[PDB]
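Before any questions on how it binds or moves, here is one chain, the form deposited in one PDB entry, in structure tokens.
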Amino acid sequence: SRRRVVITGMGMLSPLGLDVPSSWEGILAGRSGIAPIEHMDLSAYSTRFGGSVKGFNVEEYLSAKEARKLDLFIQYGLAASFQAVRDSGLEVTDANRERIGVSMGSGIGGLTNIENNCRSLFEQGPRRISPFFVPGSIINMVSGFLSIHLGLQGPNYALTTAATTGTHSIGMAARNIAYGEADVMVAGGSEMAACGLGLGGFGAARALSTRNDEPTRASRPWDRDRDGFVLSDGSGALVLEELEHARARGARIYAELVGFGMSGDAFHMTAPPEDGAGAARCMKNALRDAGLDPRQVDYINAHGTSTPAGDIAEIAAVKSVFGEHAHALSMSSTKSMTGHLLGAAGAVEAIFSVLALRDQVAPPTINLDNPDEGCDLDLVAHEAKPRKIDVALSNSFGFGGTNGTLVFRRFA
């Protein structure tokens, strides 16, 4: 029926590094990217730390002139996208430009730009609003600007599914390729929600960790003293490519994208069901899509946000799907180190899943000092674990009960 999809390029901005290799080095070393926020005064907020991108220079990617019209989340998405395309070695021509598209998403988009324009509006009226405000702030402009810069004329769209955005973006891009609508897609997500509205909005819901005294210990998935997620910024992008297309041009293949599953909890606007039933259906859908039995899974990059309800639901879901094999696989949350990159989480975590396959190493869950009741799987506590990994699964779950799972496999 359908064509095979491989990963030929990757790119990233994260709290651990300004590219993929630097981020991954941090991941394998168990390094935290979390620190007190420097770019605003959070004296009035109950959370004053997060995962910032440190030392980003947009002028590596864009002229200063172009960059000034774009919200940070667009700058970040473009940086990761450009990295991924260069990493792939793909040359865009008239013969293929209609076959190359883009699906880069975001959970909340240009919140910083909105906040700044809203200050001008209230203080001075609508005349001080930027002419570039709309195109420089809306979520589909990563896809838009990337297509313009690289001459990409294929399917051009953007997902916004909260914390599931990056996973859905990659999965649906893979579908485009499998079904023949494109031969190449740049896919993933980006987020920069570290502004007053973001910190204040999540804080108002009491969803964020408030461990201001020890920011690097705040994100502690499955630990009994977890107290909410850590807000982080950045971007991940992957070049997905039809297999024969990749082979014909001698592309370096990182891994194969073999499965994509989706589900809805239909339970609650922000909380998962305690048994993770929706997450279970999603993982099973992804495995069925990949033609894999649960027992063939070696590594799970969990969603693992460090929220009370979320973390335990994901354990329940994994035990339901995997049975006894739940105790043979390794499962880790790299959010322990990166925090929660929101709409970018699924994108950077897809990249980490691919690199786990490349390097045959399960990244750690740092800060897992005291696993909570029932959190008795191999959660790769504290230190990276070299091991055999043929199949890696990556989960994302989001507000609205919206679930996504990707399955990657070593490529021969």
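In case it trips you up, residue 1 is the first one in the sequence shown, and so on.
As for the form solved in complex with a small molecule, it is not shown, yet the points below apply to it.
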Have a look at 96 to 104, 80 to 88, 292 to 300, 325 to 333 and name the one stretch with heavy atoms inside 4.5 Å of the small molecule in the entry with it bound. 80 to 88
I'd like to know if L121 sits close to the small molecule in the entry with it bound, meaning any non-hydrogen atom pair within 4.5 angstroms. no
Taking any heavy atom pair closer than or equal to 4.5 Å as contact, tell me whether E60 reaches the small molecule in the entry with it bound. yes
Is there a heavy atom of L150 no more than 4.5 Å from a heavy atom of the small molecule in the entry with it bound? yes
